[PDB]
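Take a look at this single chain in structure tokens; it is the form deposited in one PDB entry.
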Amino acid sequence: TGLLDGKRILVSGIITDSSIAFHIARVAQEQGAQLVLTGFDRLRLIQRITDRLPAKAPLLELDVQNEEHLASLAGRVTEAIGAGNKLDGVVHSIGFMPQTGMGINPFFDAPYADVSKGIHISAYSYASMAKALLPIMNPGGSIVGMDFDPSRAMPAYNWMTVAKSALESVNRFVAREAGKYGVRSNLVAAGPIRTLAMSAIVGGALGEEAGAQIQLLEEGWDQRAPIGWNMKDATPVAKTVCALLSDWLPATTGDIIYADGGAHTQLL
């Protein structure tokens, strides 16, 4: 009766109703999870977005670069879920890389300050969140972050791909920490999804050549995917995150599950 029946799951990374985290949250609630959400910066916006979720969920502010937000997280969530209750699940669906960065836009021209910001928010924050939240997670718990496969370089994604490589590496370390809590840590490597930001990129936000490359990447995905890939549909990835949040992948950690249509297994 619900994949996630009775689980308390924190879901970060909702910014629009096309956010992967929005779908993760929706599916998680459809599957009986009780949610706490974290949002960055535009919390009035995020509350209005998340009102459309099948169930209400407390929305907490988390700027993953903050420190004080991080320090007060755990307390703020236990307050939201009630004293003596702990998280069963944590979803990191946070990513950012300054344009600079990420297209466009010579790889070599991204200032380290921008790269570092990107890696902070996209990779290091996975350890941050796990640090903040593991003290309030139950044995049998699950931390899941959003990834894409960075094992091979690719056009446009540039330093974001590096940030994913760092994230994957971080996840493997987080798994070592999380294990002491009976908690799993895994990533979901998604195929490309037409999120608002992503649509804006294919639309040229970051230069025509970046857009053209992403579109090429999207098409080759689908072709390569033995079961196809629908970049307009985040549900299969939400479902995969929910599988990791459930008790049905109980021996998997420090790992990456590829919700990418099988594209990464193919080549051509």
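Residues that one form lacks are left out of the comparison. All residue numbers are counted from 1 along the displayed sequence. C-alpha atoms forming the largest set that superposes within 1.5 Å between two forms make up the rigid core.
key: Average Cα temperature factor in the PDB entry - higher stretch of 77 to 85, 137 to 145   = Comparing averages over the C-alpha atoms only gives 77 to 85.
request  = Read off the CA B-factors in the entry, average them over 97 to 105 and over 182 to 190, and name the higher stretch.
outcome  = The entry gives the higher C-alpha B-factor average to 97 to 105.
message = Looking at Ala163, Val90, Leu196, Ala175, which one carries the largest C-alpha B-factor according to the PDB entry?
response = By C-alpha B-factor in the record, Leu196 ranks first.
task = Using the B-factor values recorded in the entry, state whether the Cα atom of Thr38 falls in the lowest, middle or highest third among the modelled residues of its chain.
result = Ranked within chain, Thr38 CA B lands in the middle tercile.
message = Using only modelled residues of the chain, where does the Cα B factor of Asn66 rank: lowest third, middle third or highest third?
response = Answer is highest: the recorded C-alpha B-factor places it there.
message = Could you place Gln31 in the lowest, middle or highest third of its chain by Cα temperature factor, using the values in the record?
response = For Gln31, the deposited C-alpha B-factor lands in the middle third.
CA B-factor ranking of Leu4, expressed as a third of its chain = Middle third by C-alpha B-factor.
query = If you rank the chain by CA B-factor, which third does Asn171 end up in: lowest, middle or highest?
reply = According to the entry, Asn171 has a C-alpha B-factor in the chain's lowest third.
FYI, the form deposited in another entry isn't displayed, but the following is about it.
ask   = Only one of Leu62, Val27, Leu206, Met231 shifts by 2 Å or more at CA between this form and the one not shown when the core is aligned; which is it?
value = With the rigid core fitted, the residue that moves is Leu206.
inquiry  = After a rigid core superposition, would you say the CA of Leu45 moves by 2 angstroms or more between this form and the one not shown, or not?
reply    = It does not reach a 2 Å shift.
query = Hey, does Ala243 budge by 2 Å or more at the Cα between this form and the one not shown once the core is superposed?
reply = Shift at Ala243: below 2 Å after core fit.
task = Could you tell me whether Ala163 and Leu216 have their C-alpha atoms closer or farther apart in that other deposited form than in the shown form, knowing the shift is 3 angstroms or more?
result = Those two alpha carbons end up farther apart in that other deposited form.
ask   = Once you compare with this form, do the C-alpha atoms of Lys117 and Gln213 lie closer or farther in that other deposited form, given a change of 3 Å or more?
value = Residues separate in that other deposited form, at least 3 Å farther apart.
task = Go ahead and list the segments of at least 3 residues in a row whose C-alphas all shift 2 Å or more between this form and the one not shown, with the rigid core as the reference fit.
result = Run found: 200 to 219, no others.
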